[PDB]
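Peer 1: Below you'll find final_24.pdb; it's PDB, C-alpha atoms (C1' of nucleotides).
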ATOM      1  CA  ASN X   1      35.527 -75.851  58.172  1.00  0.00           C
ATOM      2  CA  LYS X   2      33.217 -75.059  55.281  1.00  0.00           C
ATOM      3  CA  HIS X   3      35.203 -75.087  51.984  1.00  0.00           C
ATOM      4  CA  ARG X   4      35.030 -78.475  50.362  1.00  0.00           C
ATOM      5  CA  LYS X   5      38.338 -80.265  49.967  1.00  0.00           C
ATOM      6  CA  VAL X   6      38.358 -80.354  53.762  1.00  0.00           C
ATOM      7  CA  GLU X   7      34.752 -81.514  54.120  1.00  0.00           C
ATOM      8  CA  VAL X   8      35.147 -84.338  51.611  1.00  0.00           C
ATOM      9  CA  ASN X   9      38.519 -85.628  52.779  1.00  0.00           C
ATOM     10  CA  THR X  10      37.370 -85.437  56.400  1.00  0.00           C
ATOM     11  CA  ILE X  11      34.057 -87.249  55.942  1.00  0.00           C
ATOM     12  CA  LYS X  12      35.958 -90.084  54.322  1.00  0.00           C
ATOM     13  CA  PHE X  13      38.368 -90.151  57.262  1.00  0.00           C
ATOM     14  CA  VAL X  14      35.642 -90.073  59.916  1.00  0.00           C
ATOM     15  CA  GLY X  15      33.673 -92.803  58.161  1.00  0.00           C
ATOM     16  CA  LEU X  16      36.850 -94.868  57.984  1.00  0.00           C
ATOM     17  CA  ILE X  17      37.059 -94.940  61.768  1.00  0.00           C
ATOM     18  CA  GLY X  18      33.368 -95.835  61.968  1.00  0.00           C
ATOM     19  CA  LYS X  19      34.246 -98.983  60.035  1.00  0.00           C
ATOM     20  CA  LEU X  20      37.594 -99.902  61.497  1.00  0.00           C
ATOM     21  CA  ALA X  21      37.584 -98.621  65.061  1.00  0.00           C
ATOM     22  CA  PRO X  22      34.116 -97.690  66.295  1.00  0.00           C
ATOM     23  CA  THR X  23      34.869 -98.385  69.944  1.00  0.00           C
ATOM     24  CA  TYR X  24      37.358 -95.601  70.553  1.00  0.00           C
ATOM     25  CA  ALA X  25      35.445 -92.380  70.681  1.00  0.00           C
ATOM     26  CA  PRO X  26      32.680 -92.588  73.282  1.00  0.00           C
ATOM     27  CA  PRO X  27      29.182 -92.578  71.900  1.00  0.00           C
ATOM     28  CA  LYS X  28      28.498 -88.991  72.941  1.00  0.00           C
ATOM     29  CA  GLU X  29      31.309 -88.094  70.539  1.00  0.00           C
ATOM     30  CA  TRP X  30      29.665 -89.928  67.652  1.00  0.00           C
ATOM     31  CA  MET X  31      26.503 -87.964  68.421  1.00  0.00           C
ATOM     32  CA  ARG X  32      28.473 -84.712  68.212  1.00  0.00           C
ATOM     33  CA  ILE X  33      29.406 -85.812  64.697  1.00  0.00           C
ATOM     34  CA  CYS X  34      25.905 -86.855  63.663  1.00  0.00           C
ATOM     35  CA  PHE X  35      24.765 -83.291  64.293  1.00  0.00           C
ATOM     36  CA  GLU X  36      27.756 -81.722  62.563  1.00  0.00           C
ATOM     37  CA  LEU X  37      27.082 -83.853  59.486  1.00  0.00           C
ATOM     38  CA  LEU X  38      23.362 -83.262  59.536  1.00  0.00           C
ATOM     39  CA  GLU X  39      24.110 -79.530  59.246  1.00  0.00           C
ATOM     40  CA  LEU X  40      26.783 -80.198  56.649  1.00  0.00           C
ATOM     41  CA  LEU X  41      24.595 -81.734  53.945  1.00  0.00           C
ATOM     42  CA  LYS X  42      23.306 -78.297  53.081  1.00  0.00           C
ATOM     43  CA  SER X  43      26.388 -78.317  50.922  1.00  0.00           C
ATOM     44  CA  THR X  44      26.075 -77.664  47.262  1.00  0.00           C
ATOM     45  CA  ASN X  45      28.417 -80.429  46.266  1.00  0.00           C
ATOM     46  CA  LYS X  46      27.149 -83.963  45.703  1.00  0.00           C
ATOM     47  CA  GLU X  47      30.008 -86.243  46.732  1.00  0.00           C
ATOM     48  CA  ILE X  48      29.783 -84.442  50.064  1.00  0.00           C
ATOM     49  CA  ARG X  49      26.062 -85.156  50.486  1.00  0.00           C
ATOM     50  CA  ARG X  50      26.691 -88.717  49.398  1.00  0.00           C
ATOM     51  CA  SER X  51      29.502 -89.415  51.801  1.00  0.00           C
ATOM     52  CA  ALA X  52      27.675 -87.686  54.655  1.00  0.00           C
ATOM     53  CA  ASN X  53      24.794 -90.134  54.271  1.00  0.00           C
ATOM     54  CA  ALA X  54      27.097 -93.134  54.138  1.00  0.00           C
ATOM     55  CA  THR X  55      28.659 -92.223  57.479  1.00  0.00           C
ATOM     56  CA  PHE X  56      25.303 -92.358  59.257  1.00  0.00           C
ATOM     57  CA  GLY X  57      25.404 -96.086  58.486  1.00  0.00           C
ATOM     58  CA  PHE X  58      28.855 -96.267  60.032  1.00  0.00           C
ATOM     59  CA  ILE X  59      27.676 -94.430  63.140  1.00  0.00           C
ATOM     60  CA  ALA X  60      24.373 -96.285  63.413  1.00  0.00           C
ATOM     61  CA  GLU X  61      26.339 -99.534  63.354  1.00  0.00           C
ATOM     62  CA  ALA X  62      28.614 -98.166  66.066  1.00  0.00           C
ATOM     63  CA  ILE X  63      26.399 -96.616  68.673  1.00  0.00           C
ATOM     64  CA  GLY X  64      22.815 -97.458  67.832  1.00  0.00           C
ATOM     65  CA  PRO X  65      20.023 -96.705  65.381  1.00  0.00           C
ATOM     66  CA  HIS X  66      17.520 -95.086  67.755  1.00  0.00           C
ATOM     67  CA  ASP X  67      19.859 -92.426  69.054  1.00  0.00           C
ATOM     68  CA  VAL X  68      20.542 -91.433  65.480  1.00  0.00           C
ATOM     69  CA  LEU X  69      17.055 -91.592  63.977  1.00  0.00           C
ATOM     70  CA  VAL X  70      15.492 -89.107  66.382  1.00  0.00           C
ATOM     71  CA  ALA X  71      18.242 -86.747  65.221  1.00  0.00           C
ATOM     72  CA  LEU X  72      17.208 -87.352  61.619  1.00  0.00           C
ATOM     73  CA  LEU X  73      13.445 -87.348  61.952  1.00  0.00           C
ATOM     74  CA  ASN X  74      13.669 -83.989  63.782  1.00  0.00           C
ATOM     75  CA  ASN X  75      15.215 -82.740  60.587  1.00  0.00           C
ATOM     76  CA  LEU X  76      12.320 -83.559  58.236  1.00  0.00           C
ATOM     77  CA  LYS X  77      10.396 -80.578  59.559  1.00  0.00           C
ATOM     78  CA  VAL X  78      12.933 -78.365  57.829  1.00  0.00           C
ATOM     79  CA  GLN X  79      11.811 -76.727  54.612  1.00  0.00           C
ATOM     80  CA  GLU X  80      14.727 -76.906  52.211  1.00  0.00           C
ATOM     81  CA  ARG X  81      14.477 -79.878  49.910  1.00  0.00           C
ATOM     82  CA  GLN X  82      17.987 -81.312  49.918  1.00  0.00           C
ATOM     83  CA  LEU X  83      17.836 -81.631  53.649  1.00  0.00           C
ATOM     84  CA  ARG X  84      14.619 -83.638  53.557  1.00  0.00           C
ATOM     85  CA  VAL X  85      15.781 -85.900  50.747  1.00  0.00           C
ATOM     86  CA  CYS X  86      19.223 -86.429  52.212  1.00  0.00           C
ATOM     87  CA  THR X  87      17.669 -87.331  55.567  1.00  0.00           C
ATOM     88  CA  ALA X  88      15.269 -89.650  53.768  1.00  0.00           C
ATOM     89  CA  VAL X  89      18.278 -91.416  52.272  1.00  0.00           C
ATOM     90  CA  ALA X  90      19.992 -91.714  55.637  1.00  0.00           C
ATOM     91  CA  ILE X  91      16.930 -93.323  57.206  1.00  0.00           C
ATOM     92  CA  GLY X  92      17.142 -95.820  54.346  1.00  0.00           C
ATOM     93  CA  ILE X  93      20.785 -96.398  55.158  1.00  0.00           C
ATOM     94  CA  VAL X  94      20.250 -96.690  58.910  1.00  0.00           C
ATOM     95  CA  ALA X  95      17.568 -99.246  58.072  1.00  0.00           C
ATOM     96  CA  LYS X  96      19.809-101.468  55.980  1.00  0.00           C
ATOM     97  CA  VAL X  97      22.763-101.437  58.333  1.00  0.00           C
ATOM     98  CA  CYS X  98      20.987-101.831  61.663  1.00  0.00           C
ATOM     99  CA  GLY X  99      17.953-103.779  60.354  1.00  0.00           C
ATOM    100  CA  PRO X 100      14.553-102.466  59.204  1.00  0.00           C
ATOM    101  CA  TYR X 101      12.660-103.749  62.192  1.00  0.00           C
ATOM    102  CA  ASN X 102      14.466-101.227  64.330  1.00  0.00           C
ATOM    103  CA  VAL X 103      13.698 -98.355  62.004  1.00  0.00           C
ATOM    104  CA  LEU X 104      10.294 -99.054  60.686  1.00  0.00           C
ATOM    105  CA  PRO X 105       7.902 -98.613  63.604  1.00  0.00           C
ATOM    106  CA  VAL X 106       9.650 -95.342  64.439  1.00  0.00           C
ATOM    107  CA  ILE X 107       9.042 -94.199  60.866  1.00  0.00           C
ATOM    108  CA  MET X 108       5.471 -95.464  60.726  1.00  0.00           C
ATOM    109  CA  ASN X 109       4.787 -93.468  63.893  1.00  0.00           C
ATOM    110  CA  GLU X 110       6.428 -90.337  62.523  1.00  0.00           C
ATOM    111  CA  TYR X 111       4.073 -90.551  59.547  1.00  0.00           C
ATOM    112  CA  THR X 112       1.174 -89.580  61.737  1.00  0.00           C
ATOM    113  CA  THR X 113       2.414 -86.051  62.235  1.00  0.00           C
ATOM    114  CA  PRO X 114       0.092 -83.678  60.451  1.00  0.00           C
ATOM    115  CA  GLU X 115       2.814 -81.658  58.604  1.00  0.00           C
ATOM    116  CA  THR X 116       2.990 -82.717  54.901  1.00  0.00           C
ATOM    117  CA  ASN X 117       6.745 -82.477  54.466  1.00  0.00           C
ATOM    118  CA  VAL X 118       7.201 -85.133  57.136  1.00  0.00           C
ATOM    119  CA  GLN X 119       4.666 -87.371  55.443  1.00  0.00           C
ATOM    120  CA  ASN X 120       6.509 -87.331  52.122  1.00  0.00           C
ATOM    121  CA  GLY X 121       9.872 -87.587  53.818  1.00  0.00           C
ATOM    122  CA  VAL X 122       8.578 -90.684  55.600  1.00  0.00           C
ATOM    123  CA  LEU X 123       7.323 -92.118  52.314  1.00  0.00           C
ATOM    124  CA  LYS X 124      10.537 -91.198  50.520  1.00  0.00           C
ATOM    125  CA  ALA X 125      12.600 -92.784  53.292  1.00  0.00           C
ATOM    126  CA  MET X 126      10.618 -95.943  52.780  1.00  0.00           C
ATOM    127  CA  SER X 127      11.389 -95.941  49.053  1.00  0.00           C
ATOM    128  CA  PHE X 128      15.071 -95.867  49.713  1.00  0.00           C
ATOM    129  CA  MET X 129      15.004 -98.470  52.391  1.00  0.00           C
ATOM    130  CA  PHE X 130      13.182-100.919  50.129  1.00  0.00           C
ATOM    131  CA  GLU X 131      15.773-100.732  47.442  1.00  0.00           C
ATOM    132  CA  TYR X 132      18.655-101.057  49.845  1.00  0.00           C
ATOM    133  CA  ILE X 133      17.302-104.176  51.462  1.00  0.00           C
ATOM    134  CA  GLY X 134      16.634-105.877  48.241  1.00  0.00           C
ATOM    135  CA  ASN X 135      15.219-109.268  48.866  1.00  0.00           C
ATOM    136  CA  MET X 136      14.357-108.823  52.531  1.00  0.00           C
ATOM    137  CA  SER X 137      11.360-106.547  52.058  1.00  0.00           C
ATOM    138  CA  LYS X 138       8.995-109.489  52.116  1.00  0.00           C
ATOM    139  CA  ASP X 139       8.856-109.663  55.897  1.00  0.00           C
TER     140      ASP X 139
ATOM    141  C1'   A V   1     -79.880-136.817 131.154  1.00  0.00           C
ATOM    142  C1'   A V   2     -78.881-130.918 129.861  1.00  0.00           C
ATOM    143  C1'   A V   3     -73.772-125.929 128.777  1.00  0.00           C
ATOM    144  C1'   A V   4     -67.532-124.871 123.451  1.00  0.00           C
ATOM    145  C1'   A V   5     -62.915-124.186 117.349  1.00  0.00           C
ATOM    146  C1'   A V   6     -62.508-124.474 109.191  1.00  0.00           C
ATOM    147  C1'   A V   7     -65.057-123.441 102.596  1.00  0.00           C
ATOM    148  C1'   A V   8     -65.161-122.152  95.221  1.00  0.00           C
ATOM    149  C1'   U V   9     -67.180-119.479  89.026  1.00  0.00           C
ATOM    150  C1'   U V  10     -67.965-115.591  83.331  1.00  0.00           C
ATOM    151  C1'   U V  11     -68.321-110.175  79.045  1.00  0.00           C
ATOM    152  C1'   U V  12     -66.385-103.629  77.016  1.00  0.00           C
ATOM    153  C1'   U V  13     -63.644 -97.294  74.724  1.00  0.00           C
ATOM    154  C1'   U V  14     -59.982 -94.311  73.495  1.00  0.00           C
ATOM    155  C1'   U V  15     -56.895 -88.208  72.583  1.00  0.00           C
ATOM    156  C1'   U V  16     -50.717 -85.057  71.285  1.00  0.00           C
ATOM    157  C1'   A V  17     -47.779 -88.282  64.002  1.00  0.00           C
ATOM    158  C1'   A V  18     -44.380 -89.469  60.129  1.00  0.00           C
ATOM    159  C1'   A V  19     -40.805 -89.645  54.912  1.00  0.00           C
ATOM    160  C1'   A V  20     -34.930 -86.186  52.487  1.00  0.00           C
ATOM    161  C1'   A V  21     -33.678 -93.365  49.141  1.00  0.00           C
ATOM    162  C1'   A V  22     -28.150 -89.979  49.750  1.00  0.00           C
ATOM    163  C1'   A V  23     -24.168 -85.753  44.605  1.00  0.00           C
ATOM    164  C1'   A V  24     -22.565 -81.398  43.886  1.00  0.00           C
ATOM    165  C1'   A V  25     -18.891 -77.227  42.204  1.00  0.00           C
ATOM    166  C1'   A V  26     -18.324 -74.099  37.091  1.00  0.00           C
ATOM    167  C1'   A V  27     -15.695 -72.887  32.794  1.00  0.00           C
ATOM    168  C1'   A V  28     -12.936 -69.194  30.112  1.00  0.00           C
ATOM    169  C1'   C V  29      -9.625 -64.740  30.484  1.00  0.00           C
ATOM    170  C1'   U V  30      -6.219 -62.050  32.393  1.00  0.00           C
ATOM    171  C1'   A V  31      -2.784 -60.537  36.287  1.00  0.00           C
ATOM    172  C1'   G V  32      -1.577 -61.227  41.324  1.00  0.00           C
ATOM    173  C1'   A V  33      -0.653 -64.615  46.223  1.00  0.00           C
ATOM    174  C1'   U V  34       2.109 -69.030  48.443  1.00  0.00           C
ATOM    175  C1'   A V  35       3.401 -74.036  48.927  1.00  0.00           C
ATOM    176  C1'   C V  36       5.962 -77.949  46.414  1.00  0.00           C
ATOM    177  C1'   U V  37       8.140 -81.794  43.081  1.00  0.00           C
ATOM    178  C1'   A V  38      13.268 -84.557  40.134  1.00  0.00           C
ATOM    179  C1'   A V  39      19.376 -88.267  45.649  1.00  0.00           C
ATOM    180  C1'   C V  40      17.566 -82.634  39.143  1.00  0.00           C
ATOM    181  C1'   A V  41      22.077 -79.130  38.437  1.00  0.00           C
ATOM    182  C1'   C V  42      25.767 -76.009  41.299  1.00  0.00           C
ATOM    183  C1'   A V  43      33.647 -76.321  41.061  1.00  0.00           C
ATOM    184  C1'   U V  44      36.179 -78.709  39.176  1.00  0.00           C
ATOM    185  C1'   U V  45      36.936 -79.184  34.105  1.00  0.00           C
ATOM    186  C1'   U V  46      42.833 -79.758  30.531  1.00  0.00           C
ATOM    187  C1'   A V  47      48.178 -84.967  28.259  1.00  0.00           C
ATOM    188  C1'   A V  48      47.308 -88.783  21.988  1.00  0.00           C
ATOM    189  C1'   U V  49      43.390 -86.562  18.150  1.00  0.00           C
ATOM    190  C1'   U V  50      39.575 -82.089  14.159  1.00  0.00           C
ATOM    191  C1'   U V  51      36.783 -74.087  14.788  1.00  0.00           C
ATOM    192  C1'   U V  52      42.507 -73.403  13.473  1.00  0.00           C
ATOM    193  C1'   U V  53      39.782 -71.446   7.866  1.00  0.00           C
ATOM    194  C1'   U V  54      43.576 -67.866   2.647  1.00  0.00           C
ATOM    195  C1'   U V  55      44.907 -66.294  -2.939  1.00  0.00           C
ATOM    196  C1'   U V  56      50.122 -74.188  -3.016  1.00  0.00           C
ATOM    197  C1'   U V  57      54.881 -71.815  -1.989  1.00  0.00           C
ATOM    198  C1'   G V  58      60.433 -72.909   3.465  1.00  0.00           C
ATOM    199  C1'   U V  59      66.822 -73.547   0.379  1.00  0.00           C
ATOM    200  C1'   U V  60      72.549 -80.050  -1.379  1.00  0.00           C
TER     201        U V  60
END
Can you dump the structure from the file as structure tokens?

Peer 2:
Amino acid sequence: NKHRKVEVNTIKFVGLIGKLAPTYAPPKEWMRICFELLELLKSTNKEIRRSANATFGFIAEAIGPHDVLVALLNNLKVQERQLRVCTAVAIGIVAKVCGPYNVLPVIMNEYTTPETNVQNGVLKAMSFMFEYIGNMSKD
RNA sequence: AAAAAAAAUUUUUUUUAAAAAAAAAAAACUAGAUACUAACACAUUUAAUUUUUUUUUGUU
């Protein structure tokens, strides 16, 4: 819907269902949302971009991490900086919620790609995921 | 008494050569070309409180 009051108040409502009732919409519906959010964090506002990243955790918990990551890592190729940083946060959030062992070999593989913007976005994603799993990190 | 199958030692010349023990670009000036970095900032902001300034001049 563009605008903002709608984007913010919706993202908080969608993420609510990800917490409370994940099992209702079928997982192909959660994937329809993960694309609509991944386009939505172009937004100029912050609280939008922040809530959009939090609801990848709620979806990754619901359906699965690997369906979601491939959606995100395909988005690091993109030029514009917010999109690469706000995907790099989400990979950090998908790591914490679903476990880093699920995320990490997929990210270490993606680092091989010869484009530079992926290679920072894979290093920035690893920064975030090491502050969100605080103590773990040792393994 | 006279007519048939197996064997060993010591001395001498050379032709199509090689090897490089490992550091380089500059700098300055002036303009142009293109990538990128900071969860950078980007719509809410406004219900106690200091820009509010004048030769004092508002009466039982």

Peer 1: Per residue of chain X within 10 Å of chain V, record the nearest atom pair and its distance in Å to one decimal, counting all atoms listed in the file, with rows in chain order and ascending residue number, as a tab-separated table.

Peer 2:
residue	atom	partner	partner_atom	distance
X:4	CA	V:43	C1'	9.6
X:43	CA	V:42	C1'	9.9
X:44	CA	V:42	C1'	6.2
X:45	CA	V:42	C1'	7.2
X:46	CA	V:39	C1'	8.9
X:49	CA	V:39	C1'	8.8
X:50	CA	V:39	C1'	8.2
X:81	CA	V:36	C1'	9.4
X:82	CA	V:39	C1'	8.3
X:85	CA	V:39	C1'	6.7
X:86	CA	V:39	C1'	6.8
X:88	CA	V:39	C1'	9.2
X:89	CA	V:39	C1'	7.4
X:117	CA	V:36	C1'	9.3
X:128	CA	V:39	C1'	9.6

Peer 1: Selected residues, C-alpha atoms, written as a short mmCIF file (atom, residue, chain, number, x, y, z; two decimals), keeping the file's coordinate frame, please.

Peer 2:
data_model
loop_
_atom_site.label_atom_id
_atom_site.label_comp_id
_atom_site.auth_asym_id
_atom_site.auth_seq_id
_atom_site.Cartn_x
_atom_site.Cartn_y
_atom_site.Cartn_z
CA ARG X 4 35.03 -78.47 50.36
CA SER X 43 26.39 -78.32 50.92
CA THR X 44 26.08 -77.66 47.26
CA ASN X 45 28.42 -80.43 46.27
CA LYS X 46 27.15 -83.96 45.70
CA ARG X 49 26.06 -85.16 50.49
CA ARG X 50 26.69 -88.72 49.40
CA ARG X 81 14.48 -79.88 49.91
CA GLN X 82 17.99 -81.31 49.92
CA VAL X 85 15.78 -85.90 50.75
CA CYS X 86 19.22 -86.43 52.21
CA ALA X 88 15.27 -89.65 53.77
CA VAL X 89 18.28 -91.42 52.27
CA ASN X 117 6.74 -82.48 54.47
CA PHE X 128 15.07 -95.87 49.71
#

Peer 1: Env of residue 61 of chain X: 10 Å cut, atoms = all atoms listed in the file, seq-sep filter 5 positions within chain, self excluded. Answer as a PyMOL selection string.

Peer 2: chain X and resi 18-19+22+55-56+94+97-99

Peer 1: Provide the atom CA of residue 36 of chain X to atom CA of residue 113 of chain X distance in Å, to one decimal place.

Peer 2: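 Separating atom CA of residue 36 of chain X from atom CA of residue 113 of chain X is a distance of 25.7 Å.
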
Peer 1: Name the closest residue to residue 84 of chain X among the candidates X:137, X:127, X:9, X:120; distances are taken between atoms, counting all atoms listed in the file.

Peer 2: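 Counting all atoms listed in the file, the residue closest to residue 84 of chain X is X:120.
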
Peer 1: Any idea what the distance is between atom CA of residue 62 of chain X and atom CA of residue 131 of chain X?

Peer 2: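 Answer for the atom CA of residue 62 of chain X to atom CA of residue 131 of chain X separation: 22.8 Å.
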
Peer 1: I would like the residues chosen by the PyMOL selection byres ((chain X and resi 52) around 12) on the shown file; could you give them as number ranges by chain?

Peer 2: X: 7-15, 33-43, 45-51, 53-59, 83, 86-87, 89-90, 93

Peer 1: Just to confirm, what's the straight-line distance from atom CA of residue 2 of chain X to atom CA of residue 75 of chain X in Å (one decimal)?

Peer 2: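 Result for atom CA of residue 2 of chain X versus atom CA of residue 75 of chain X: 20.3 Å, one decimal.
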
Peer 1: Name the residues that the PyMOL selection byres ((chain X and resi 101) around 12) pulls out of this structure, and write them as a PyMOL selection string.

Peer 2: chain X and resi 65-66+94-100+102-108+129+133+136-137+139

Peer 1: Using the atoms already present, construct N, CA, C and O atoms for segment 17-36 of chain X and hand them back as an mmCIF file, in the coordinates of the input.

Peer 2:
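Writing the result to rebuild29.cif gives the following:
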data_model
loop_
_atom_site.group_PDB
_atom_site.id
_atom_site.type_symbol
_atom_site.label_atom_id
_atom_site.label_comp_id
_atom_site.auth_asym_id
_atom_site.auth_seq_id
_atom_site.Cartn_x
_atom_site.Cartn_y
_atom_site.Cartn_z
ATOM 1 N N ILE X 17 37.001 -94.543 60.378
ATOM 2 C CA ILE X 17 37.059 -94.940 61.768
ATOM 3 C C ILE X 17 35.765 -95.600 62.179
ATOM 4 O O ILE X 17 35.779 -96.501 62.997
ATOM 5 N N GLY X 18 34.621 -95.159 61.677
ATOM 6 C CA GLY X 18 33.368 -95.835 61.968
ATOM 7 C C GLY X 18 33.421 -97.299 61.544
ATOM 8 O O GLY X 18 32.900 -98.136 62.232
ATOM 9 N N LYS X 19 34.060 -97.580 60.418
ATOM 10 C CA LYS X 19 34.246 -98.983 60.035
ATOM 11 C C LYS X 19 35.243 -99.692 60.955
ATOM 12 O O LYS X 19 34.969 -100.746 61.551
ATOM 13 N N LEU X 20 36.447 -99.135 61.011
ATOM 14 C CA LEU X 20 37.594 -99.902 61.497
ATOM 15 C C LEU X 20 37.695 -99.897 63.003
ATOM 16 O O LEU X 20 38.011 -100.913 63.590
ATOM 17 N N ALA X 21 37.471 -98.749 63.626
ATOM 18 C CA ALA X 21 37.584 -98.621 65.061
ATOM 19 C C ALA X 21 36.429 -97.808 65.629
ATOM 20 O O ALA X 21 36.606 -96.637 65.961
ATOM 21 N N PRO X 22 35.244 -98.406 65.728
ATOM 22 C CA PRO X 22 34.116 -97.690 66.295
ATOM 23 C C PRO X 22 34.220 -97.486 67.801
ATOM 24 O O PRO X 22 33.627 -96.576 68.317
ATOM 25 N N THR X 23 34.970 -98.331 68.503
ATOM 26 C CA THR X 23 34.869 -98.385 69.944
ATOM 27 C C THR X 23 35.685 -97.318 70.634
ATOM 28 O O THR X 23 35.573 -97.180 71.846
ATOM 29 N N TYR X 24 36.494 -96.558 69.896
ATOM 30 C CA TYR X 24 37.358 -95.601 70.553
ATOM 31 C C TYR X 24 36.658 -94.357 71.020
ATOM 32 O O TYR X 24 36.572 -94.141 72.244
ATOM 33 N N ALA X 25 36.142 -93.534 70.133
ATOM 34 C CA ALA X 25 35.445 -92.380 70.681
ATOM 35 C C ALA X 25 34.153 -92.792 71.401
ATOM 36 O O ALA X 25 33.407 -93.633 70.921
ATOM 37 N N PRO X 26 33.881 -92.194 72.559
ATOM 38 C CA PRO X 26 32.680 -92.588 73.282
ATOM 39 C C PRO X 26 31.429 -92.140 72.521
ATOM 40 O O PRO X 26 31.498 -91.216 71.724
ATOM 41 N N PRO X 27 30.289 -92.765 72.769
ATOM 42 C CA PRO X 27 29.182 -92.578 71.900
ATOM 43 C C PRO X 27 28.638 -91.143 71.915
ATOM 44 O O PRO X 27 28.026 -90.721 70.935
ATOM 45 N N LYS X 28 28.841 -90.405 72.990
ATOM 46 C CA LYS X 28 28.498 -88.991 72.941
ATOM 47 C C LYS X 28 29.364 -88.212 71.963
ATOM 48 O O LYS X 28 29.017 -87.072 71.624
ATOM 49 N N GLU X 29 30.521 -88.740 71.560
ATOM 50 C CA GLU X 29 31.309 -88.094 70.539
ATOM 51 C C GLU X 29 30.766 -88.405 69.156
ATOM 52 O O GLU X 29 30.750 -87.524 68.295
ATOM 53 N N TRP X 30 30.289 -89.634 68.942
ATOM 54 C CA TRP X 30 29.665 -89.928 67.652
ATOM 55 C C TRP X 30 28.385 -89.103 67.480
ATOM 56 O O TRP X 30 28.013 -88.822 66.358
ATOM 57 N N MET X 31 27.675 -88.791 68.550
ATOM 58 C CA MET X 31 26.503 -87.964 68.421
ATOM 59 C C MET X 31 26.835 -86.511 68.124
ATOM 60 O O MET X 31 26.015 -85.813 67.507
ATOM 61 N N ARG X 32 27.969 -86.033 68.611
ATOM 62 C CA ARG X 32 28.473 -84.712 68.212
ATOM 63 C C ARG X 32 28.780 -84.659 66.739
ATOM 64 O O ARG X 32 28.748 -83.570 66.162
ATOM 65 N N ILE X 33 29.128 -85.788 66.126
ATOM 66 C CA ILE X 33 29.406 -85.812 64.697
ATOM 67 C C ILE X 33 28.100 -85.913 63.929
ATOM 68 O O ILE X 33 27.958 -85.250 62.902
ATOM 69 N N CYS X 34 27.155 -86.720 64.404
ATOM 70 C CA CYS X 34 25.905 -86.855 63.663
ATOM 71 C C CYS X 34 25.152 -85.555 63.542
ATOM 72 O O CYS X 34 24.387 -85.421 62.581
ATOM 73 N N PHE X 35 25.378 -84.597 64.455
ATOM 74 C CA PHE X 35 24.765 -83.291 64.293
ATOM 75 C C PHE X 35 25.589 -82.439 63.341
ATOM 76 O O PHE X 35 25.022 -81.745 62.494
ATOM 77 N N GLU X 36 26.914 -82.515 63.451
ATOM 78 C CA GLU X 36 27.756 -81.722 62.563
ATOM 79 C C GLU X 36 27.662 -82.155 61.126
ATOM 80 O O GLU X 36 27.970 -81.362 60.252
#
